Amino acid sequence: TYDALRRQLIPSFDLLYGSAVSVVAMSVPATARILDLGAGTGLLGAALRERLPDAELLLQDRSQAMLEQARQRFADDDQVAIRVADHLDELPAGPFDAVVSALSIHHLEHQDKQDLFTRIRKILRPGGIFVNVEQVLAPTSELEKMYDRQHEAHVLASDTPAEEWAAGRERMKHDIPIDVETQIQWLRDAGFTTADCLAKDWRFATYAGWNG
């Protein structure tokens, strides 16, 4: 959604999205084929294009309304394609050098996350990278309260409109997050040979898996 609001709602936006861009740029060639899963308005795709002008981007989302904003953002870009599809629909064949996602996969049931990670590995080239900029759960209810306080601290310090934070709270009611270490293990289960948490700010983390 509108870029200024996203930075108000998401702690360490530049660290987390920047880490995603950096790990892709160090993992794949300038001419990488990249799938952005749950691309929304295309914020992560845009961050990648800024660093990788010659990359082929496929932006995928279930929402035509969200992808309309991505289409406007990439109106003049000859190396961007749009696919309307659910995460649970058949993935595009590729192959891809990188599959990336931001703040989307935490909307799936856990079993669907585990299956998705396996399906993603099948469309990745050998040595290909999967990167997730993700909303994560604390490993305990007591730490989850602390995560929540730290998230709210960022939102308030960012002078976020009360109505946008209240709307944010409402959207978060149907989140299905899990801790970062569990999700990283699910990458290993899916057959990624290396997986790591690159950057983290309490509730928000950038992690990656390599296919070889």
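One-based numbering along the sequence shown.
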| item | value |
| --- | --- |
| Stretch exceeding the other in mean C-alpha B-factor - 182-190, 155-163 | 155-163 |
| Mean C-alpha temperature factor, higher of 115-123 and 71-79 | 71-79 |
| Record-listed C-alpha B factor of residue 149: chain third | middle |
| Third of the chain's Cα B-factor distribution that residue 93 belongs to, per the entry | highest |
| Ranked against its chain, the third holding the CA B-factor of residue 206 | lowest |
| Ranked against its chain, the third holding the CA B-factor of residue 61 | lowest |
| For residue 38, the third of its chain into which the C-alpha B factor falls | lowest |
